[PDB]
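Reviewing the structure listed below.
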Amino acid sequence: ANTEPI
Amino acid sequence: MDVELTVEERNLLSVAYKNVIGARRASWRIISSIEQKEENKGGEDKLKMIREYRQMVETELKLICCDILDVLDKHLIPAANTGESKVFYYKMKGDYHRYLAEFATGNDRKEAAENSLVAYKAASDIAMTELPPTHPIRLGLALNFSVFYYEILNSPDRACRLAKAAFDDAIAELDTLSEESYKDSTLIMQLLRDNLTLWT
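As you go down the protein sequences, you meet chains R and V in turn. Numbering-wise (the UniProt record's numbering), the first sequence opens with residue 1163 and increments by one. Numbering-wise (the UniProt record's numbering), the second sequence opens with residue 33 and increments by one.
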């Protein structure tokens, strides 16, 4: 579960 | 009253806030793991100290998120002209509601998830009708939305369908995107592909 990176 | 932000200002501020949040979110996950480990393993004073900490961290997070959402709803998404910005702010609304749902309880959890899904759906309708399938704001929406599904809504089915769709629409359009435009998007696509191959 990897959400949009900074 | 209203406020409009250039793309670059938007990104600056968004990055800054995500820095803060993510620090607090990861800290929260760690405190909870310690909490569960001790809670299964007994201990008087220590469990009190940990619970009080987790509570304080939840408080900070909810305060920051709620302030973020109140400025979004009050000043930014009313003022949004372009379609990329509309999608941007509605996706942000989804993100901060989702982080609310990440630790929220019972009916507060239910309200947060509902608001997040409304916001992501709004972003989606605009992204379909105004943004190329390779647009990074659209690929970010797709990724965070499918994650929303899988983790919060616990619909692997629907998360994976959303991720695959977004990936393949991109892959399709890819042979027809510029150089300085394609290097601005590869990393989101690979993240959607990674999440997907994970979810099987």
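No residue lacks a Cβ here, since even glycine has one placed at the ideal position from N, Cα and C.
| Query | Result |
| --- | --- |
| Along chain R, which residues have their Cβ under 8 Å away from the Cβ of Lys-50(V)? | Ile-1168 |
| Could you list the residues in the stretch 54-71 of chain V with a C-beta less than 9 Å from some C-beta on chain R, going in chain order? | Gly-54 |
| Specify, as a first and last residue, the run of the alpha helix (DSSP H) that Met-33(V) falls within. | Run containing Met-33(V): none; DSSP gives neither H nor E here. |
| If I follow the unbroken alpha helix (DSSP H) through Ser-178(V), where does it start and stop? | 168-179 |
| Is the CB of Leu-163(V) under 8 Å away from at least one CB in chain R? | no |
| With C-beta atoms as the reference, is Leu-223(V) less than 8 Å away from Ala-198(V)? | no |
| Rounding to the nearest angstrom, what Cα-Cα distance links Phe-135(V) and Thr-208(V) in this structure? | 42 Å |
| With a threshold of 16 other CB atoms inside 10 Å of the CB of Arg-61(V), please say whether the residue is buried or exposed. | exposed |
| With distance defined between alpha-carbon atoms, name the residue in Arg-83(V), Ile-184(V), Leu-93(V) and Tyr-214(V) nearest to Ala-145(V). | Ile-184(V) |
| Hey, how far is the Cα of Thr-218(V) from the Cα of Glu-143(V)? | 34 Å |
| Skipping 5 residues on each side, what residues in its chain have a beta carbon closer than 6 Å to that of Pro-165(V)? | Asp-201, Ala-202 and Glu-205 |
| Can we say the stretch 121-128 of chain V touches the stretch 84-93 of chain V, given the rule of at least three CB pairs closer than 8 Å? | no |
| Any heavy atom of the ligand PLP within a distance shorter than 7 Å of the CB on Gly-138(V)? | Among the components modelled here there is no ligand, and therefore nothing to report on the ligand PLP. |
| Could you tell me whether the Cβ of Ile-220(V) comes closer than 8 Å to any Cβ of chain R? | yes |
| In chain R, what lies closer than 8 Å to residue 233(V) by C-beta? | An answer regarding residue 233(V) cannot be provided, because it is not within the stretch 33 to 232 covered by chain V. |
| Take every Cβ of the stretch 105-117 of chain V, pair it with every Cβ of the stretch 33-43 of chain V, and state whether three or more of those distances are shorter than 8 Å. | yes |
| On the three-state DSSP scale, how would you describe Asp-105(V)? | helix |
| Per DSSP, what kind of secondary structure is residue 10(V) in: helix, strand or coil? | The shown model of chain V, from 33 to 232, leaves out residue 10(V), and the question about it has no answer. |
| Taking only the alpha-carbon atoms, compute the straight-line gap between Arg-83(V) and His-129(V) and give it to the nearest angstrom. | 23 Å |
| Are any of the Cβ atoms in chain R nearer than 8 Å to that of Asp-226(V)? | yes |
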